[PDB]
Structures are given as C-alpha cells and as structure tokens.
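Have a look at the structure below before the remarks.
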2 protein chains.
Amino acid sequence: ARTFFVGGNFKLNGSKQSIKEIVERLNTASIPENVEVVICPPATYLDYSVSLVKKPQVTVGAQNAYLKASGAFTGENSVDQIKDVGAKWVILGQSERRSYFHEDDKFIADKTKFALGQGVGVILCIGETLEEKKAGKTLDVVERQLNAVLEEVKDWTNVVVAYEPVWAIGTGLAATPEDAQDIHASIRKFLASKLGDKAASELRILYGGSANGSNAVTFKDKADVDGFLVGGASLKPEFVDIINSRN
Amino acid sequence: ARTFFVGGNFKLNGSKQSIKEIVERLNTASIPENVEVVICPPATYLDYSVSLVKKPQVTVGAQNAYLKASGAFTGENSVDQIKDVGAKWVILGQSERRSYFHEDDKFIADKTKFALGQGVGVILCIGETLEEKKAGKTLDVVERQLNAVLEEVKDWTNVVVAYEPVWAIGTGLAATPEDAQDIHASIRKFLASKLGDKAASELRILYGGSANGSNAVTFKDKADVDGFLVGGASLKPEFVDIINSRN
C-alpha cells in the first residue's frame, strides 16, 4: 500500500565524527528491504553524508532550501547544489523555520513547487502550536497550511507530509497513537476531497514530535500513520528501533 | 598599515566542477604574498573547497551562520561546523540577509559576538538603500548598524567591515572611488570614536557594491578602501585581477 518512511532530521547538530558514527550504524543495522530512510544533516555535512552511506534504503536530504536555484540570495540553500552533491530530499515548512525564521505559508508553497519542478522530493511540515490546540483549532490550521501548498502544487507524487505537533517538538511528550490517528486520517480525507482518492491514498503522512525508540511500537497498527519524522533520536542509536518499529 | 583584503562572496552560485575550476585558478595564478583572499561558497561546498585550497593566502569562509552552535534550529549553519570543515570566516550582515531575510541589526550584532567568541572571523556588512540614499540618511543608517554591533562586540581584531552601497550591489554601477573614499573615511572615524585611533587604524573597511577586474585599480590610492567584497566577479576569472589591483 504506502511504503514506511523514516526521516531523521538532525538539525543544528552533527560533526564529521558524529556523522561518521551515525551513517556507519545505518550501513550496519538490519532494516527491511521494504523501508524508506532519509537522513537530513546541516548542509555543511550533506556531501560527506552521501560519501558515507552504503545502504540502498538510506538517501540523504537537506533541511531547507530556497525557491530559486541561482543568484544573489546570500546565505541560502539551493536545490541544484544539494542535488549535485547527491541528495534527493529537502524539508520545507519545520517548526524551527516558520516560527523563528519568519516563513510564511506562501513562502513554503512557492518553495515546494520549485523543488518538485527541480527533481527533488519534499518533506512538507504542517503543525499547530499548543494554543491553536487549546482552542480546537488543529484542523482549521493544518488545512490552512496545506491549502496554501494546494493552491500552488497539483501533483504530489514525490511529496511527503510531516505532521508536528509543535508542542511535541523535542519536549519528550508526544501525541498518543490514538490522538495522532484521528488527525492523520482527517488530513488525508481533506487531502482526498482536494486531490483525488488515488493521490490522497498514495501520500505518506508522517507523525513527528518526541518520536523515539520506545514509543514507536505504539504507532505500529495505525494505518494513516505512514512513518515518522524523527528529530531528537535521529542522532541516537534508538533510531534503528523506530525504523524497525513495525518489523 | 592594513593588509590587502579581497573577500569573494559567491552568493547562491556554483557546482563542484565550478568551485573545482575556480579554486585551481588561484591555486596556480600569480597572487601577492600578504594579500588576504577569502572565498565564500555555498555551505554545501565548504568542506570540498577547503580540501581543494592549496595557496595559503586563500581561506574559505561561510556566507551566513546563527547565533547558537547546536540545537533545534533547522536550515541554519553553525559557527562550529564551519570551523569543523575548516572555513575561517563567516560573512554576516552581510546586506542580503537584511533585505529578503529580514535580519534586524541586533540579530546580526549578537551573531557577531557569538561568532567571534567561537573563534571564526566575521566579515560584517553595512549600507543604505536608495531610499536612505536620496533622503540623505546614509551616515546615520550605517552608524546605527555599526553602533548595534559596537554595543555587543568590544574587540575588533578579526572583524573586517564591508560597506555595500546597496545602490550598487548587483545593480551593475560602482559609486565612485571618490565618494567611496569619503564613506569609508567617515565610518573609520566613527569607529575611532568608539574604539580609539588605534583600533580604527588597523581595522579594514572593504568597498562592496560592483567592484571588478576592469575598475579595481581606480580604488587603488584610496586609503580607507582597504579591500573588496566581490560578488559576481568571484566566479569569473577577473577575481585574480582584483587581488593584484593594488600592486
């Protein structure tokens, strides 16, 4: 049906030694032939991380890039440059970009149609902050985020959606598998009625936010929870345990 | 006296073969000893550029970084990972960053304090738009931008300032050798106000705004123009002509 995807966002972490030891353990882990693993390092180690990977199921992605591949856009990342180096994914739209780094939904929307225009796969994130949660505004916000992408992008084959309760981001208190299933399935029938039942049925919807070694098995029999976006334990050994969580 | 300095801000531009092509031209061309050349590629290509650099004057620097070193800040570059890959400089303030990406002056200041503290040199940019230019806001804008820094950073030994007349950067006109001289000299004495004659006497102010092979020699017997922050011509081969403009 859909393939189980485990994305590992490293974040502003990782040195050449630590990238050596993480992608060394992934080449040594015993994972299913039938699993999709994307490690997303800081751009300063993407080229290195692709030198190091020797397991076919693990491709490498960047964590942010800009919506034009060349020019005077100092400080920025480019899809063409990460692609040259051999990476196949870019995370667009993290709780650590939109809040702090002032990324407006249209900014992510336009960014997401140029990336797919360029061959790369996108990891798109959507998420409500605890007050939007306190006021029963979760779906109302997620649809608002998705709809800006939706007004721009119409083939979402190489798109994955990453739902991140902002209040579960690397706090240690995740959603329960049950709470997460409801919203995932809600996002999918919203995305059925906006894209088709076939495309809504192919799209992967990753849960993100305090996902870790021991709680991944509780999300084991959750149909609309197609994988995981692992931030904090992406740089821990229990990362293979979240990749073998349905194994 | 002040050492000649030539910074090469590549912006969002390059590929492995281009950065290979470019570093080899400097790796073998005639360049004065005691000139200071810093090439600033995209973050993806920083590690490789350092493996490629062989001519000692030439160090690599990153085009932008955050005010923290590790953590939850997706898409950001870290002062330590640039150091890890071996770049010795970070362009900050630079000017773009203020316009499209909205970096306020104090964001820059704090990022300069932390950056120097981390032991990485700062190329610091300053400048006014055509709207502060025709209004006659020029000097009080730069004094505000520099004052912001000045309150945080109280040692300026590994700082080079860059004045990008924003009415020139990528527009394709270089505001004269004469009014350039006068803006640098103005801002050298404002710094001397805030750090004494001593500090100001050794600090470098580089003219940014369209500098190139054909014209870098008309900035030659200009005293306060201590170097250049080349954008576009860094890619091109006249970048070598600009390291020899001052003979």
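By Swiss-Prot numbering, chain B shows 2-248, in order.
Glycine too: its Cβ is placed from the backbone N, Cα and C atoms.
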- Item | Where Swiss-Prot places phosphoserine when the choices are B:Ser50, B:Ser71 | B:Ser71
- Item | Annotated residue, phosphoserine, per Swiss-Prot; candidates B:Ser194, B:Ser202, B:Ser211, B:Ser215 | B:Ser215
- B:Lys12, B:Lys107, B:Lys199, B:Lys223 - the residue Swiss-Prot records as ubiquitin cross-link: B:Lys223
- Message: Using other CB atoms within 10 angstroms as the count, which residue among the recorded positions B:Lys12, B:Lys223 scores least?
- Response: B:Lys223
- Item | Using Cα positions only, nearest of the recorded positions to B:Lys223 (ubiquitin cross-link) (B:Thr4, B:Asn10, B:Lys12, B:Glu165, B:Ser215) | B:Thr4
- Which residues of the same chain, at least 6 positions away in sequence, have a Cβ lying under 8 Å from the Cβ of B:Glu165 (active site, proton acceptor)? B:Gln95, B:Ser96, B:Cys126, B:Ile127, B:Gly128, B:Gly209, B:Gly210, B:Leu230
- Just the number: how many Å between the Cα atoms of B:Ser215 (phosphoserine) and B:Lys12 (substrate binding site)? 21
- Message: Sequence gap of 6 or more, Cβ distance under 8 Å: name the residues on the same chain that satisfy this around B:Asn10 (substrate binding site), in order along the sequence.
- Response: B:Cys41, B:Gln64, B:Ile92, B:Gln95, B:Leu230, B:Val231, B:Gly232, B:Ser235
- Note on the structure: Around the Cβ of B:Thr4 (phosphothreonine), other Cβ atoms found within 10 Å total 13
- Report, in sequence order, every one of the recorded positions (B:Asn10, B:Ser71, B:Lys223) having a CB within less than 8 angstroms of a CB belonging to chain A; if no such residue exists, report 'none'. B:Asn10, B:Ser71
